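Remarks on the structure that follows.
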Amino acid sequence: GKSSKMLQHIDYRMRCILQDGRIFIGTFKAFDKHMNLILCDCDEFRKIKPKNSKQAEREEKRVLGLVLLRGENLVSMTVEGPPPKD
Amino acid sequence: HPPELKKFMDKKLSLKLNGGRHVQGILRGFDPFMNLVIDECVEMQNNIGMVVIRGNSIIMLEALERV
Amino acid sequence: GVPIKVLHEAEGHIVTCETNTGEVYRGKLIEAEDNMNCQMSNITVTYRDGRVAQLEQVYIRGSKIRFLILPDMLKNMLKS
Amino acid sequence: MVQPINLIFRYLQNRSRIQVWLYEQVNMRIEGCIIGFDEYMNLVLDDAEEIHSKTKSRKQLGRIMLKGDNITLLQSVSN
Amino acid sequence: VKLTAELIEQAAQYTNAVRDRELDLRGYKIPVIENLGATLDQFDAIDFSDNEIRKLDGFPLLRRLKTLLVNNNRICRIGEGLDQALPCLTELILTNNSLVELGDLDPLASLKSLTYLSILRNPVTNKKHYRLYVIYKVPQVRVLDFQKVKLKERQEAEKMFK
Amino acid sequence: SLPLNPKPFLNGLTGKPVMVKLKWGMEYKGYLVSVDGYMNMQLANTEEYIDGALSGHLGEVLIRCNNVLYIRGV
Amino acid sequence: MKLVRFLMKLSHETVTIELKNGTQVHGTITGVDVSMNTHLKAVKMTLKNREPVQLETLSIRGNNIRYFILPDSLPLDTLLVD
Amino acid sequence: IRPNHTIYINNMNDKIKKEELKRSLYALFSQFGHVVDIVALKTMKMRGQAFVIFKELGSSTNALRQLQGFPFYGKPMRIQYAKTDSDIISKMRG
Amino acid sequence: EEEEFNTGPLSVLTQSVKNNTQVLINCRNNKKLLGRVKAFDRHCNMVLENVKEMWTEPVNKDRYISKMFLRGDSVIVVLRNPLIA
RNA sequence: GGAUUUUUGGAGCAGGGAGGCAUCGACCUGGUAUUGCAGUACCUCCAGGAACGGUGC
């Protein structure tokens, strides 16, 4: 019916999980049939997705920037934070 | 669609295949699936002659010439 | 696809590509096909062990690409 | 220009003995004489053999139909 | 002709003959090395030949920079924190510059990956024991002035200066 | 033979004792009842040979096409 | 016949899904599409060898599904009618 | 043999590995001008030799006169102008 | 198409749904699902009842699952037998 | 109203085990050979040395 399930989360900050187990967090700006994704201001995490880990929240973080991810290698997505206003 | 490979025709190339496999040879032709014909092919070294590489298992190619 | 149009837009720009095997190729995107097949030039490649190399000319199959990093020059397709 | 499919058609006609590189399995390769093949690169091989590169051991198969899924590479052998 | 961001952005950029990404900064009459931030750490090699630089200093953190060609400048001193901004510096060509005292070459001891070093046509070259001094103080060097550092020289440099 | 293709070969082998190797190294011997367009395969009185040794006697069996490495008449 | 159609009817059910990568997902279906891409709410997701994390929303690419464990109550014979 | 963009070097210590030889050659010759490319093989025929190609011709002449007999990896190198024009030069010219 | 489901290799599934008989499914996850086929499709997606899942970890393990949906790509083999009997 | 460039799918499934073994590659010491005009899997050889590096079980 609605097709909205992806379009809803568009412009939002999104936590995307890759098939190797990486975590890509960026601004979800576009998708397609294959679920190839366009992620603005995107960083990569490896060790953790923090839920306020008292030791530290961030280890092996890398700044990537503007990322196009191929859908083949995507597993899943959740909402990480609201859209930046800019 | 065709892969845009006419530029690479009859040039010597370095082919990275899956399984950590690498071969080198001259591009003699291709089809829409990116299956290749490679002549004077060498397994990285032992000479295997003219061969068919299925596009499925082609990771990357690198020209050893200038196009 | 919308992402594909944005990829074609990056032709002529410096881009970074990671393969399915994690080799990292940075250089100028010459041609990008619809299926994500990528022709590049004057490459720096960074292997999984960390070592670098230099290549003049490369072509990578779309299927065997994990992702690409494009300039931020493009970010400014906001309609969708 | 030589098209890959045609090369095969040549292999077929020649009855050259063929050695196939399989997908994601390096320790074993397959050998045989292509009698026929189809649009999916599925091959009918005669007097076929499993070749163990590690063990230097050969397993005798006879009439084989190999799915094309496994094909990495096709080469000819003098034997 | 200050080494500026604008200068770096219009500079010839290419893949050199030894397959590395190199930036061409030759013949601009640059006096001071500065504003390298704008290269964005994208080069394996930087060619600063034929300029007027006095001190090999002023570099930002550049993790990919492995080769520095600094021919025909006026280098008379080497900065002290070089390894902190250039960790993988492997080749340093300083031919035809102004290093005069053996002690001025001391800061190169801190470049842990430095393997190819060339200091020819520098006054320092004619100082007594110049070769042995470099070998003992910069043991990580394997090729000095296009000649192989050999074991016998290492031992000999271990006696003198022990 | 004058060109003997995949499809006819398999069709000739229906009604016959076959062994199928799977990509994962399992092997299944039995009478080939049928095959379909996608090259899914149906065996009767199947036996399982793993490490080339009789493991299990299984009966009637469907093999999904993507699993198949090769088929042998035997 | 086309069983994805059956799954598309399961909005507002709670299920457990086992993934190809071993991950276990328990949540309430907001939507299944034609590619079996599945969307959920109130999700407790346990990657293999972690303690669960709770997410308000989760979206799964269809191909990454191994299987769905359905409510015992589910009236299959109703849902199989077209 | 007229002045040429490319210089032919021989009498080189052939024990140096090829990639190291080329990188030292590049380093040494950069002092006279931009070196476009270096051709050096270890075949029986070509071992102990190298072709060094410069963008500028004046650079090639200066290199030739100043490094004649320069001790490189232990041996005095012998330099000369190449017999033919380098493929890269011909492509860059036309 | 029905003809190909009826007489082709998938008749194994067609026969199991009609007779409400048990089948063992060898599965990609190295697990085996033992149960009855409520529905199936081209891809071998299935809706299964009274599923006994069995695996190994050496230690054997099992667990009962009344109602479940299997995506068909995970299928290695599907076995029909004197199992139901 | 599903037949190659998009929306009725070609994808899928498969990785832990242990606290020596196999294979390849530079490599480090001595000595030794080559003096020729090149666009490169690698590049003399003889002897010694590897508390070296990668991969698989």
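What are the pairs with Cβ atoms under 7 angstrom where one residue, in region C:1-24, is on the phi < 0 side of the Ramachandran plot and the other, located anywhere, is surrounded by fewer than 18 Cβ atoms within 10 Å (Cβ to Cβ) and among the small types (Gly, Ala, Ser)? Sequence gap at least six, or different chains.
Filtered contacts from region C:1-24: C:2/C:80.
Which ranges mark the strands (runs of 3 or more DSSP E) fully within chain B that have 2 or more residues being away from RNA strand J (no atom under 14 Å from the Cβ)?
It comes to B:21-30, B:36-43, B:46-53, B:58-63.
Hey, which of the strands (runs of 3 or more DSSP E) in chain G, taking only ones fully inside, have at least 2 residues that are under 17 Å from residue I:46 (Cβ atoms) and touching a helix residue (DSSP H, G or I) at 6+ places or on another chain (Cβ under 9 Å)?
G:65-69
Within the set of pairs 6+ apart or on separate chains, which have a first residue in region E:120-148 that is away from every other protein chain (no Cβ under 14 Å) and over 16 Å from residue E:104 (Cβ atoms), a second that is assigned to a helix (DSSP H, G or I) and β-branched (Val, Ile, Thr), and C-beta atoms under 9 Å apart?
none
Hey, among the residues in region C:12-58 that are away from RNA strand J (no atom under 15 Å from the Cβ) and not in a strand (DSSP E or B), which one's farthest from residue A:67 (Cα to Cα)?
C:12
Residues that are surrounded by 15 or more Cβ atoms within 10 Å (Cβ to Cβ) and within 12 Å of RNA strand J (Cβ to nearest atom): find the strands (runs of 3 or more DSSP E) completely inside region I:17-67 holding 2 or more of those.
I:22-27
For residue B:44, state whether it is surrounded by fewer than 19 Cβ atoms within 10 Å (Cβ to Cβ) and either at positive phi or within 9 Å of chain D (Cβ to nearest Cβ) (or both).
The answer is no for residue B:44.
Any residue at all in region H:42-64 that's more than 11 Å from chain E (Cβ to nearest Cβ), more than 26 Å from residue E:72 (Cβ to Cβ), within 12 Å of RNA strand J (Cβ to nearest atom) and touching a helix residue (DSSP H, G or I) at 6+ places or on another chain (Cβ under 8 Å)?
yes
Would you point out the residue of region G:25-49, among those that are more than 9 Å from chain A (Cβ to nearest Cβ) and among the polar types (S, T, N, Q), that is farthest from RNA strand J (Cβ to nearest atom)?
Checking each candidate, the answer is G:28.
Within region E:1-55, considering only strands (runs of 3 or more DSSP E) that don't extend past its boundaries, which have at least 3 residues that are under 20 Å from residue E:88 (Cβ atoms)?
E:21-24, E:45-47
Taking the criterion of being closer than 23 Å to residue C:77 by Cα and either small (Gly, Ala, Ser) or surrounded by fewer than 18 Cβ atoms within 10 Å (Cβ to Cβ) (or both), would at least one residue in region A:40-56 satisfy it? Show your work before the answer.
Taking region A:40-56 as the starting set, the residues that turn out to be closer than 23 Å to residue C:77 by Cα are A:40-43.
From what is left, the residues that are either small (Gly, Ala, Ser) or surrounded by fewer than 18 Cβ atoms within 10 Å (Cβ to Cβ) (or both) are A:43.
Yes: region A:40-56 contains one or more residues that are closer than 23 Å to residue C:77 by Cα and either small (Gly, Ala, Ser) or surrounded by fewer than 18 Cβ atoms within 10 Å (Cβ to Cβ) (or both).
Taking region A:32-86 on its own, how many of its residues are at the interface with another protein chain (Cβ under 7 Å from one of its Cβ atoms), polar (S, T, N, Q) and within 24 Å of residue G:49 (Cα to Cα)?
Count: 3.
Given the criterion closer than 18 Å to residue B:50 by Cβ and not hydroxyl-bearing (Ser, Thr, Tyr), identify the matching residue among D:26, D:20. Before the answer, list the steps.
Values: D:26 fails: closer than 18 Å to residue B:50 by Cβ.
Just one listed residue meets the conditions, D:20.
How many residues are of a type in the set (S, T, N, Q) and buried (at least 19 other Cβ atoms within 10 Å of the Cβ) if we restrict to region H:1-10?
The first filter runs over region H:1-10 and keeps only residues of a type in the set (S, T, N, Q), leaving H:4, H:6, H:10.
In the following step, the residues that additionally are buried (at least 19 other Cβ atoms within 10 Å of the Cβ) were identified as H:4, H:6.
Residues meeting the conditions: 2.
Of all residues in region I:40-59, count the ones that are at the interface with chain G (Cβ under 8 Å from one of its Cβ atoms) and of a type in the set (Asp, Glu).
Qualifying residue count, region I:40-59: 2.
Yes or no: region C:62-77 includes at least one residue that is part of a loop (DSSP other than H, G, I, E, B), among the basic types (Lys, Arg) and more than 13 Å from RNA strand J (Cβ to nearest atom).
Among the residues of region C:62-77, at least one is part of a loop (DSSP other than H, G, I, E, B), among the basic types (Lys, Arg) and more than 13 Å from RNA strand J (Cβ to nearest atom), which makes the answer yes.
Starting from region I:22-39, keep only residues that are within 8 Å of chain G (Cβ to nearest Cβ) and closer than 14 Å to residue I:76 by Cα, then list their pairs with residues that are part of a strand (DSSP E or B) and of a type in the set (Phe, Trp, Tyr) whose Cβ atoms are within a distance under 8 Å, requiring at least 6 positions of separation or different chains.
Pairs that qualify, where the first residue is within 8 Å of chain G (Cβ to nearest Cβ) and closer than 14 Å to residue I:76 by Cα and the partner is part of a strand (DSSP E or B) and of a type in the set (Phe, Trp, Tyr), are I:29/I:55.
Which one of these is farther than 21 Å from residue B:38 by Cβ and surrounded by fewer than 17 Cβ atoms within 10 Å (Cβ to Cβ): D:14, D:27, D:6, D:42?
So the residue among D:14, D:27, D:6, D:42 that is farther than 21 Å from residue B:38 by Cβ and surrounded by fewer than 17 Cβ atoms within 10 Å (Cβ to Cβ) is D:27.
Where in chain F are there strands (runs of 3 or more DSSP E), lying wholly inside it, with at least 3 residues that are within 10 Å of chain I (Cβ to nearest Cβ) and more than 16 Å from RNA strand J (Cβ to nearest atom)?
Passing ranges, in order: F:27-35, F:41-50, F:53-63.
Return the residue satisfying two criteria in turn: it lies in region E:26-49 and is of a type in the set (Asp, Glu) and surrounded by fewer than 21 Cβ atoms within 10 Å (Cβ to Cβ), and of such residues it is nearest to the other protein chains (Cβ to nearest Cβ).
E:41
With the requirement that a residue be within 14 Å of another protein chain (Cβ to nearest Cβ) and either in contact with a helix residue (DSSP H, G or I) (Cβ under 8 Å, 6 or more places away or on another chain) or not acidic (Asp, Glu) (or both), what does region E:50-67 give you?
Of region E:50-67, the ones within 14 Å of another protein chain (Cβ to nearest Cβ) are E:50-51, E:62-67.
Residues satisfying the conditions are E:51, E:62, E:63, E:64, E:65, E:66, E:67.
A quick yes/no check of all residues on (1) more than 9 Å from every other protein chain (Cβ to nearest Cβ); (2) more than 16 Å from RNA strand J (Cβ to nearest atom); (3) more than 23 Å from residue B:29 (Cβ to Cβ):
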{"position": "D:19", "(1), (2), (3)": "no, yes, no"}
{"position": "D:25", "(1), (2), (3)": "no, no, yes"}
{"position": "D:36", "(1), (2), (3)": "no, yes, no"}
{"position": "D:46", "(1), (2), (3)": "no, yes, yes"}
{"position": "D:52", "(1), (2), (3)": "yes, no, yes"}
{"position": "D:56", "(1), (2), (3)": "yes, no, yes"}
{"position": "D:68", "(1), (2), (3)": "no, no, no"}
{"position": "D:76", "(1), (2), (3)": "no, yes, no"}
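Output the residues belonging to region A:17-46 that are outside any strand (DSSP E or B) and farther than 14 Å from residue A:77 by Cα.
Of everything in region A:17-46, those that are outside any strand (DSSP E or B) and farther than 14 Å from residue A:77 by Cα turn out to be A:20, A:32, A:33, A:34, A:46.
Being facing chain E (nearest Cβ under 8 Å), within 25 Å of residue E:141 (Cα to Cα) and over 11 Å from the mean Cα position of the chain (by Cα), is that true of even one residue in region H:75-82?
Within region H:75-82, none of the residues are facing chain E (nearest Cβ under 8 Å), within 25 Å of residue E:141 (Cα to Cα) and over 11 Å from the mean Cα position of the chain (by Cα).
Pick from B:58, B:26: which is aliphatic (A, V, I, L, M), more than 7 Å from chain D (Cβ to nearest Cβ) and crowded, with 22+ Cβ neighbours inside 10 Å?
From the options B:58, B:26, the qualifying one is B:58.
Please go through region G:6-24 and give me each residue that is away from chain A (no Cβ under 11 Å), touching a strand residue (DSSP E or B) at 6+ places or on another chain (Cβ under 6 Å) and more than 16 Å from residue G:64 (Cβ to Cβ), ordered by number.
Within region G:6-24, G:10, G:13, G:14 meet the criteria.
So basically every Cβ, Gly included, is an ideal-geometry build from the backbone, and we count neighbours across all protein chains shown. Bear in mind that the values in this text are calculations on the coordinates, not laboratory data.
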